[PDB]
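Order-wise, the sequence lines are chains A and B.
Numbering of the first sequence is given in the entry's author numbering, commencing with residue 1 and proceeding in unit increments.
Going letter by letter, the second sequence gives residues 3 to 226, 230 to 233 in the entry's author numbering.
Idealized CB from N, CA, C, for every residue including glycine.
First comes the structure, then the notes that go with it.
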Amino acid sequence: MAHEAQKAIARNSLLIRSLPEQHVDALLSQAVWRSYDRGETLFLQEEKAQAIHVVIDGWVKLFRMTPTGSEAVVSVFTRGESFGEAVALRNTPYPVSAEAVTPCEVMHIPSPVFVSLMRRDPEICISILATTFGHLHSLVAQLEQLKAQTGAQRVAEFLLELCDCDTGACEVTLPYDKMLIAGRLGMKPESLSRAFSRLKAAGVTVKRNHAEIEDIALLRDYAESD
Amino acid sequence: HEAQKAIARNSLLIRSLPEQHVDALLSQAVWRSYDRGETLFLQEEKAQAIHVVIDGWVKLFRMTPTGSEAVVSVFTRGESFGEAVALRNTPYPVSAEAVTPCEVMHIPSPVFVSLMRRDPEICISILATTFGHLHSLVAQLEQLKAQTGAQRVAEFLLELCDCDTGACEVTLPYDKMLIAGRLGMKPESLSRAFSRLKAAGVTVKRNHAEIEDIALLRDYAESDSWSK
Ligand SMILES: [Cl-]
Ligand SMILES: [Cl-]
Numbered sequence: 001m002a003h004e005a006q007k008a009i010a011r012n013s014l015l016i017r018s019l020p021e022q023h024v025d026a027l028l029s030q031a032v033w034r035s036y037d038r039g040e041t042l043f044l045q046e047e048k049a050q051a052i053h054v055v056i057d058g059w060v061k062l063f064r065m066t067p068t069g070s071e072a073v074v075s076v077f078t079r080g081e082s083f084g085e086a087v088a089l090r091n092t093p094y095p096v097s098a099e100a101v102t103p104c105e106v107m108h109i110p111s112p113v114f115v116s117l118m119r120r121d122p123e124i125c126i127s128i129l130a131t132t133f134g135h136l137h138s139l140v141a142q143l144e145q146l147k148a149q150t151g152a153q154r155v156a157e158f159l160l161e162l163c164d165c166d167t168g169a170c171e172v173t174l175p176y177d178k179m180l181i182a183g184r185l186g187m188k189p190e191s192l193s194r195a196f197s198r199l200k201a202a203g204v205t206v207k208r209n210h211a212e213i214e215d216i217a218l219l220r221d222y223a224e225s226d
Numbered sequence: 003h004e005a006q007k008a009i010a011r012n013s014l015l016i017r018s019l020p021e022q023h024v025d026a027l028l029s030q031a032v033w034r035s036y037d038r039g040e041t042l043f044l045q046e047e048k049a050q051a052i053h054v055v056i057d058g059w060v061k062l063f064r065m066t067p068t069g070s071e072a073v074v075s076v077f078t079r080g081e082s083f084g085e086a087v088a089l090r091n092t093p094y095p096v097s098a099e100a101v102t103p104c105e106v107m108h109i110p111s112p113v114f115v116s117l118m119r120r121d122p123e124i125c126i127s128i129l130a131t132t133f134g135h136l137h138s139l140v141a142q143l144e145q146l147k148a149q150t151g152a153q154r155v156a157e158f159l160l161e162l163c164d165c166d167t168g169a170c171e172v173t174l175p176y177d178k179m180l181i182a183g184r185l186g187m188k189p190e191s192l193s194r195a196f197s198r199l200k201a202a203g204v205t206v207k208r209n210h211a212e213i214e215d216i217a218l219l220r221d222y223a224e225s226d230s231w232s233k
């Protein structure tokens, strides 16, 4: 009933990071909390965009229906990540469907709660926009400086970012279907496997539904190498 | 100023706006030219405009506590800056100065802010666009980069040309360290990179770079060493 740990996780989302601190808790106080089993749908393409979504635990995939009826995976999101901001603010119908890929918990911020806040007080929207512009310039600068690295280094970094702590050993849940991560990391399915094999030597075991980092420092050291 | 207005539309600032309001905002622009070394603004002054570079290079810098210029950013043709500080009405954290002669478009802040105070739906619309772009940039930062330094330099150059075919010359600052910093490259490497780009028809002079063939430079950049 406090959702203290869960709100702490939500504060790392793009949505929550963009808000001025004075308004964070009041917005989180109006959250709609839900759990989903593996395979369960959060929403379907063309439905009304009733909320902004923040994954607290698990993996959620977004997919679009193609003209020939296949499902194209557009994104995969996990712990501490938000999605749906733009569609919610424009009030356009969902352009994708969303489905729990693992069992998961989501914090939903109802669209009217967030939109109405901004219709009421323009100072809030101006203030959030200021923050998002700064964040944009910052990401563009990171892209301009992004150097090449190895696929294994990408996967290490990814895995490191999924742990949150700086020391010890660790478990991280991963989807069964490994193509989801490959898409997210912009890698070939082979390359990801190749990448995994190479990480054995850095202390990483990759089971069917989870990965294990024997030691963070070693992995972190592997990621920060030639 | 239609050609100059066209270049401004490439900026982060103008891209993010509702298309149906652009022209009226662009209509209240103050256009200014700057000599090399001329100040655009200085640290602690009031942010009263958002700036878009129309031509040339502008560097932003802070003073180290021991009194040294520490360059923070360099902006060129079609790029905007000062959005956040102007919308927050806080003092400038840096100074800005023309590295080359330049043209810049200034958007008075009150023009922009009063529009949103009058109709918060404008800001709601702009914010939707800035969130979608944020997501796109974050997605792109997770995807494996494989390109070499010379390829990155190649892409940097290609993006400065704005034409898909033929030849172009792009103004570059005299001091190539400003580009090195922007690309997150050791100055050594930037030079090493320019050497390797000789093969793709890129000759780098004092105040400019000459691209003999765009398509050929795009080919080097896209390649997975290499040859003409
Ligand atoms: Cl399960
Ligand atoms: Cl004037």
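Beta-carbon to beta-carbon, residue 141 of chain B and residue 195 of chain B are separated by about 27 Å, too far to satisfy the 8 Å threshold.
A straight line joining the alpha-carbon of residue 63 of chain B with that of residue 42 of chain A spans about 47 Å. Relative to residue 169 of chain B, the option among B/215, B/74 and B/96 whose CA is nearest is B/215. For ligand 2, a non-hydrogen atom lies closer than 7 Å to the CB of residue 32 of chain B. Distance from the C-beta of residue 175 of chain A to the nearest heavy atom of ligand 1 is not below 7 Å. Contact with chain B is found for residue 140 of chain A, since one of that chain's Cβ atoms lies less than 8 Å from the residue's Cβ.
At a C-beta separation below 8 Å, residue 132 of chain B has these neighbours in chain A: 129, 132, 133 and 136. DSSP lists B/78 as the beta-bridge partner residues of residue 59 of chain B. Beta-bridge partners assigned by DSSP to residue 43 of chain B: B/98. For residue 198 of chain B, the enclosing alpha helix (DSSP H) starts and ends at 189-198. Contact check between the region 41-59 of chain A and the region 78-87 of chain A: three or more CB pairs, one atom from each, fall below 8 Å, which counts as touching. Comparing alpha carbon positions, the residue from A/103, A/68, A/222 and A/176 closest to residue 209 of chain A is A/176.
Judged by DSSP in its simplified three-state form, residue 176 of chain A adopts coil rather than helix or strand. Note that the C-beta distance between residue 145 of chain A and residue 147 of chain B is not below 8 Å.
Per DSSP, the unbroken alpha helix (DSSP H) holding residue 157 of chain B starts and ends at 151-163. Listed along chain B are 129, 130, 133, 134, 136 and 137, each with a C-beta nearer than 9 Å to that of residue 85 of chain A. For residue 122 of chain A, the residues of chain B that pass the 7 Å Cβ criterion are 118, 119, 122 and 125, in the order they occur in the chain. Residue 210 of chain A sits in a strand when the DSSP states are folded into three classes. If you look at residue 17 of chain B, you'll find it isn't in any beta strand (DSSP E); it sits in the alpha helix (DSSP H) that goes 14-17. Just so you know, the alpha carbons of residue 205 of chain B and residue 38 of chain B end up roughly 24 Å apart.
Listed by position along the chain, the residues with Cβ atoms less than 6 Å from a non-hydrogen atom of ligand 1 are A/38 and A/103. Less than 8 Å separates the beta-carbon of residue 130 of chain A from that of residue 86 of chain B. The beta carbon of residue 154 of chain B is closer than 8 Å to those of 185, 187 and 195 in its chain, skipping five residues each way along the sequence. For the 8 Å CB-CB criterion, residue 94 of chain A and residue 49 of chain A form a contact. For residue 38 of chain B, there is no enclosing beta strand (DSSP E), since its DSSP letter is neither H nor E. When the beta-carbon positions are compared, residue 60 of chain B and residue 99 of chain B come within less than 8 Å of each other. Annotation: residue 98 of chain A has no Cβ neighbours in chain B at a cutoff of 9 Å; minimum Cβ distance is about 14 Å. In this structure, the beta-carbon distance from residue 157 of chain B to residue 212 of chain B does not fall below 8 Å. Less than 8 Å separates the beta-carbon of residue 118 of chain A from that of residue 122 of chain B. Taking all protein chains shown into account, residue 120 of chain B has fewer than 16 neighbouring C-beta atoms within 10 Å of its C-beta and is therefore exposed. Residue pairing for residue 54 of chain B: DSSP places it in a beta bridge opposite B/82 and B/107.
When the alpha-carbon of residue 66 of chain A is set against those of A/45, A/22 and A/58, the nearest one is in A/45.
No Cβ of chain B is located within less than 8 Å of the beta carbon of residue 61 of chain A.
Of all residues in the region 179-205 of chain B, those with a C-beta nearer than 7 Å to a C-beta of chain A are 184, 185 and 186, reading in chain order.
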